Amino acid sequence: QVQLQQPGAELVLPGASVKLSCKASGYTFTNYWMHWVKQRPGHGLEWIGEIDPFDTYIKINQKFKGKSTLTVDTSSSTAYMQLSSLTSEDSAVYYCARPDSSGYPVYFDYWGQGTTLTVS
Amino acid sequence: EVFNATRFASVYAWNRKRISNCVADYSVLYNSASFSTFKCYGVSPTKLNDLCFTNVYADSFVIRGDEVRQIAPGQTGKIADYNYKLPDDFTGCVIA
Amino acid sequence: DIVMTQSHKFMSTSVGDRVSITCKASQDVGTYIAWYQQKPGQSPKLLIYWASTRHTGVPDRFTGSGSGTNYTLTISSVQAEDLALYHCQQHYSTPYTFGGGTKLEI
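- Per the PDB entry, the recorded name for chain C is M8a-3 Fab light chain, and the organism is Mus musculus.

- Chain A appears in the PDB entry as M8a-3 Fab heavy chain from Mus musculus.

1. Notes on the overall build of chain C
Turning to step 1, where the next piece is worked out: The secondary structure content of chain C amounts to zero helices and nine strands.
Turning to step 2, where the next piece is worked out: Going residue by residue from the N terminus, the α and β elements of chain C occur as β-β-β-β-β-β-β-β-β.
Turning to step 3, where the next piece is worked out: If you line up chain C on its principal axes, its C-alpha atoms span 35 × 25 × 25 Å.
Turning to step 4, where the next piece is worked out: Within the span of chain C, comprising 106 residues, buried residues form 52% of the whole.
Turning to step 5, where the next piece is worked out: Expressed as a percentage of contacts within chain C between residues at least 6 apart in sequence, the contacts between residues at least 24 apart total 54%.
Turning to step 6, where the next piece is worked out: The averaged location of the 7 negative side-chain charges in chain C is 3 Å from the averaged location of its 8 positive side-chain charges.

2. Structural notes on the pairing of strand β8 (residues 78-83) of chain A
Residues and elements named next belong to chain A.
Turning to step 1, where the next piece is worked out: Both strand β3 (residues 18-25) and β8 contribute to a ladder of six bridges, which runs antiparallel. Considered in β8, the bridge of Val18 is made with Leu83.
Turning to step 2, where the next piece is worked out: As paired elements, strand β7 (residues 71-73) and β8 share three bridges and run antiparallel to each other. Residue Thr71 lies in a different strand from β8, and its bridge partner there is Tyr80.
Turning to step 3, where the next piece is worked out: The antiparallel pairing of β7 with β8 creates a hairpin that spans four residues between the two strands, and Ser76 there sits at a positive phi of about 65°.

Procedures and definitions
- Residues numbered from 1 in each chain as written, not as in the entry; some residues may be left out.
- Chains lettered and ligands numbered in written order.
- Part of a larger assembly, values for the part shown.
- Heavy atoms only, no water.
- Helix = DSSP H or I, 4+ residues; strand = E, 2+ residues; numbered from the N terminus.
- Buried < 20%, exposed > 50% of the residue type's maximum accessible area, 1.4 Å probe, protein only.
- Contact = heavy atoms within 4.5 Å.
- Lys, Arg positive; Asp, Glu negative; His and termini not counted.
- Charge placed at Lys NZ, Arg CZ, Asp CG, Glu CD.
- Pairing = 2+ DSSP bridges.

Here you go:
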């Protein structure tokens, strides 16, 4: 069985940064790259970027350059985001998507839960 | 040699090389600015260097641009069903 | 990069009707389109991992076709669990793009 749990319920006032976690279990954290997708009801899903485990190989989608950051810790199999200066246009849900293989291009076969971002 | 040569074997009979007992730097090929497709299933290239395997096989054959897709596990097509088929549990790298 | 703009804003078909889900591509990328099932309140679930293949745990109703530019997915019968969102993505280059999604209803 594959487990991809998400904390969810992320609310921060505009102009600040929040931490997002994506703990992965049930498979290999070494042989599986981590990819991220943000669910926006306005125009559907979009790709955030790709990060490899146990390293700092960075490739950011041209849509969310700058604010989006990639951080991965080998222990606990948790990959991180800390997006600073979140605006009211960023209120949506974040999903971390597991791909079929760790080699681009992929189709993100298994998706876990979603971490909702909301401005209060 | 398996990437640059005057002529390679065609898809009707792809040739195997059995590359082994040597070290390799996959990131050198990864950083190349000519290779487009890098559908490398199984072990990630960033850990491919560190990870040690019994052998690393090699292939080389000519296929159409729209029929490059047919060299993946769980695939059907003209090349996939007739010339070359890939196992469902495939582990390796593909470059086009 | 290649951007996904699906052509079916909404799909209104009954149970068991034969109908196709058409999503276009920005340019001729051959056949690198994927499909996901996103129920309301459910994360998008893989349905057809490629243009016309079949992944594990797939209902036999889903079967896609790839023409190179206009990718369609023809579904012979529609059940209650099929009521979800349909998404198309290009797995051709590194910068990935997702479709807007289509809501199915009776």
